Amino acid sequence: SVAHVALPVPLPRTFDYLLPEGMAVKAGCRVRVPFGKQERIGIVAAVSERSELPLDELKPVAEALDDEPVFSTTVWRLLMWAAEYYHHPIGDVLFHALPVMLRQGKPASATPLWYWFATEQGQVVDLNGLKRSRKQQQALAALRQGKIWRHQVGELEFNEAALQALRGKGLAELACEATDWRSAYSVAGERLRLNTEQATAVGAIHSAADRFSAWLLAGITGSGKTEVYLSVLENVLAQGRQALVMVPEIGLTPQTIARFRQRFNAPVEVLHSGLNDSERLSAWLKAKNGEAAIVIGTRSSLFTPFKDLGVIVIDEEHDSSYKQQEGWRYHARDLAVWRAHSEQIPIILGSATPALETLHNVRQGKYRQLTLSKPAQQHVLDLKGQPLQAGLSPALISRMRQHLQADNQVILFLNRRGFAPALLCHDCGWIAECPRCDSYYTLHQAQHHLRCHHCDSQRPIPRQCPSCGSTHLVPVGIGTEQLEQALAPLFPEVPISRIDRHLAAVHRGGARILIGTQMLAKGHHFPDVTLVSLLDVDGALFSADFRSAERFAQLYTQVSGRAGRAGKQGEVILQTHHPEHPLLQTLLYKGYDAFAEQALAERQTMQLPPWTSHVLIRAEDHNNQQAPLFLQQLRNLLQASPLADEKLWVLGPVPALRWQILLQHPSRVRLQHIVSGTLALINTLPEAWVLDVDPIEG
């Protein structure tokens, strides 16, 4: 009688409509409803016999677009929970989970694809006639060889006009075409690749395959993590169940795709960024109907429906790209784990450098670890008192030339762009710390001051180091200053190129300097690189962002096993003003896992994630000012709201690395409800504003 309908609007509620008699429609189905004078597509959240709004103002539902729900029960429950946890409007959440074509109210069914083909006559006709009809002979000559899809005519030189003219002469016609892989699926033969550790990992996952279990597959690069994924998948597909494989945004390489395609005598569906809406819907349907054995995709592939999902694999579990930074700011990994729990299936998280969140979860009961085991010389250069050219010390340049004149490649790594730096003395290594809290000052040269972020303290930029008297105070964490402009005159006629995602000149080998700011794609290798230098180690060690050391440790550990693998002797050089920094020392001589153990214990002392939960609230006001006051009002509304516990820790209005406030709490659930209540009632009108649960900051 009454349908509670969700719309793709920035409002956290459902609009009511009347259900005319005869119109069958459950929750999870799409509807066409009136909205003002115009018309809108919506989703039925709930169907009640009851009454909610003024009954007379209730307009009826214009059309029921789906007979059956477009989300499954567990996926539906997942999205309901995600909306509650991320505090994002239920309508936007639900519509974001659907393909574009289904958002627009089109049928949830596979569109037929049509082709032109040469008729019986067109195959034999004297090619002496069309020799005066312009494009039609070219159109038919192509048709002689094979069919031509309609969505490909635009890539050719003859058009639909040339083809429809052949149609009228009876020489071309239009037709379209109509699938069970489980029968005739060969589990492959005993072929016996797996080693001891690999087989144990496969066995352990197999022995618990009929329930939920979150596994961390922790192994260094080359240990054969992918090989375990492939074997696990074989078992799952042997049960006639489907699989989802998630990779980072840059992970869908032709080599990776070919690897999966060749291993499985079963359909593999790849959700890459080049697909159009039809192709995406087609893939969505193939998965929903159980026709796709394996789906490979990136962050959004999490929302794909499955007739019978049997396993989830997330490769490069630590990658940032699993966190959506625009609109609905969900984390694909967490939601995937949630999805695995509700469906009661295994999820396998794979990384050579697992997130601290993940290692914490393993240390506690949450995840189970399966480990895989099975040279590169490293130098630490002291920048203190060194005359730099392009941020490069004499010692590094000396090593660089010895690699370049040997006709080899060199990679330099930097700290992206836009990040706000710390300030230190180039001569004695003094760092600007806040006097109140032991926290590094963030340098704001555009604002002419140093600002604390753990507390809120103002201090002007010193002209000289107060410790040693030197004027050579430098900003650390700046690499956007077009390094090539200084590298070209330092390295004459040597080609300079950027890695960050035509550039097949890298595969040519020879003397070359490569510049990167982010971690490299899986399988994507640089065999001609024999020297890797990590510039601005200080930017990572003295950042206001508490996760910078983690990201650096990951970057360092990745690139530590890519300096010309097996073939040539690789060299890793790090430049820093503090060579004997304890954290850095642990990383360099003990490895990532030991860094992680120490970093994790320091997170506990400082009461930081993953030991606590975080929620950010950002604001962007043109007014540069007043906006902090809006957050000041929101701070006070957050104070006395039921649930104080003298555990809730709120950072007052502090500018970002744009303004923000920070909420911290030992309990994830409690912090959710504190935000739930404070957002339920909002007092002053918002003109300035986003909400970020579990922020990765970067």
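All residue numbers refer to positions in the sequence shown, first residue = 1.
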Taking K374 and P375 as adjacent modelled residues, how many residues of the deposited sequence between them have no coordinates (none, 1 to 3, 4 to 9, 10 or more)? 4 to 9
Does the deposited sequence hold unmodelled residues between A178 and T179, and if so, how many: none, 1 to 3, 4 to 9, or 10 or more? 1 to 3
Mean C-alpha temperature factor, higher of 689-697 and 2-10: 689-697
What stretch has the higher average Cα B-factor here, 25-33 or 640-648? 640-648
Based on what the PDB entry reports, which of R103, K307, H622, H360 has the top C-alpha B-factor? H622
Just grab whichever of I411, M519, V337, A142 has the top CA B-factor as deposited. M519
For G429, the third of its chain into which the C-alpha B factor falls: lowest
Name the third of the chain's ranked CA B-factors that contains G567, choosing lowest, middle or highest. highest
Split the chain's modelled residues into thirds by Cα B-factor; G42 lands in the lowest
Could you look up the Cα B-factor of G469 in the entry and say which third of the chain it sits in: lowest, middle or highest? lowest
Check where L281 lands among this chain's C-alpha B-factors and tell me if it's the lowest, middle or highest third. lowest
